[PDB]
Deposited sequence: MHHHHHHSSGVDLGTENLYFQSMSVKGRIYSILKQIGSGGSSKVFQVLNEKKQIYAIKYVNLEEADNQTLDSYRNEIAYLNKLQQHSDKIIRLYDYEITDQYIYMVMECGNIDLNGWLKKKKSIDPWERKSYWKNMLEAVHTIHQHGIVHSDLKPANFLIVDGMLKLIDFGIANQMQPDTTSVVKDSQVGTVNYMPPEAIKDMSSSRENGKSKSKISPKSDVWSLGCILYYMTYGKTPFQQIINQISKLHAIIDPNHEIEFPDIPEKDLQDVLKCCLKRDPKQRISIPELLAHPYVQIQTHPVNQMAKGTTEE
């Protein structure tokens, strides 16, 4: 098993993940360094899908310099047939890590929250709203959480547990605040705010219904409780912004 990206030879070790036209592999370069290669098959992609892919690459290549909480893209090879992307290899995705770990450390949680705010803050600064944030979008690379994608290109497929109420009616940087809040709620209470509701139509109804009060059990971290209360406001106008979350005592205290 082997492959070439811009003349540089990579030895395939394992297949990290799979998609529709996409395949992610854990590779090794000529200098025995470990990387992640994303392979995209364009042999079925239409011109709208191709441009969504070119856009996502350009943005990932641009926001590279702006924040270290954005996944490294070292090199890429684009042909009509295929896209090969030499990226940084992570240990695990946040979703996989949270599915494994029974108890999550409060210091780990703060660190992870901080990292998510910086990554999402950086994308917003360039006019990008992910609009679909889930823990699968975040990758752990040495205790550091990194944002995998920006939601531009067409791994927790079809999840409504992190969906904002405004998205269900149909979207601003505030939409990402609701999704991030759901991720933090999961790291706090062990489940997403609407995980108890199995029926998807009933679940969607609950997110958009203000008469359905979101539960906020008492925890030693009062700062943490306020963040969740501030993020999970159904009216985006009544919801806290990313620059404000970065100045919140939970992120800055101590």
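Peer 1: What's missing from the model if you number the deposited sequence from 1?
Peer 2: Gaps vs deposited seq, in order: 1-20, 175-186, 203-215, 300-313.
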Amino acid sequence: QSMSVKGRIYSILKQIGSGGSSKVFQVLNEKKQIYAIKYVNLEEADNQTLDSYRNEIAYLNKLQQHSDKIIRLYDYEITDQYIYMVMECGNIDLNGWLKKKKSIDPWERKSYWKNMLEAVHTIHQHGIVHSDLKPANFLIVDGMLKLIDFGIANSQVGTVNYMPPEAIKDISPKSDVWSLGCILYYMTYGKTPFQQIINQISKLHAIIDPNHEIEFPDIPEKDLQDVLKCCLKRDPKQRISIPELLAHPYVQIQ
From here on, numbers count along this sequence of modelled residues.
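Peer 1: So 20-28 or 241-249, which one's hotter by mean CA B-factor in the entry?
Peer 2: The deposited B-factors put 20-28 ahead on the C-alpha mean.
Peer 1: For the higher mean C-alpha B factor in the entry, choose 136-144 or 99-107.
Peer 2: Averaging CA B-factors over each stretch, the winner is 99-107.
Peer 1: Quick one: which of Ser179, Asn115, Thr122, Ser155 has the biggest Cα B-factor according to the entry?
Peer 2: Within the set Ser179, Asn115, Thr122, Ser155, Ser155 shows the top C-alpha B-factor.
Peer 1: Hey, out of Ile208, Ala36, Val227, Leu60, whose CA B-factor is highest in the deposited coordinates?
Peer 2: If I rank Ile208, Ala36, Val227, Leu60 by C-alpha B-factor, first place goes to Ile208.
Peer 1: Going by the CA temperature factor in the PDB record, which third of the chain does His66 belong to: lowest, middle or highest?
Peer 2: Answer is middle: the recorded C-alpha B-factor places it there.
Peer 1: Would you please rank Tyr186 by its C-alpha temperature factor against the other modelled residues of its chain and give the third it falls in: lowest, middle or highest?
Peer 2: Middle third - that is where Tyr186 ends up once the chain's C-alpha B-factors are sorted.
Peer 1: By the recorded C-alpha temperature factor, relative to the other modelled residues in its chain, which third is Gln200 in?
Peer 2: According to the entry, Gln200 has a C-alpha B-factor in the chain's highest third.
Peer 1: In terms of the CA temperature factor given in the entry, to which third of its chain does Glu215 belong: lowest, middle or highest?
Peer 2: It belongs to the highest third of the chain when residues are ordered by C-alpha B-factor.
Peer 1: Lowest, middle or highest third of the chain for the C-alpha temperature factor of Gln48?
Peer 2: Tercile = highest for this residue's CA B-factor.
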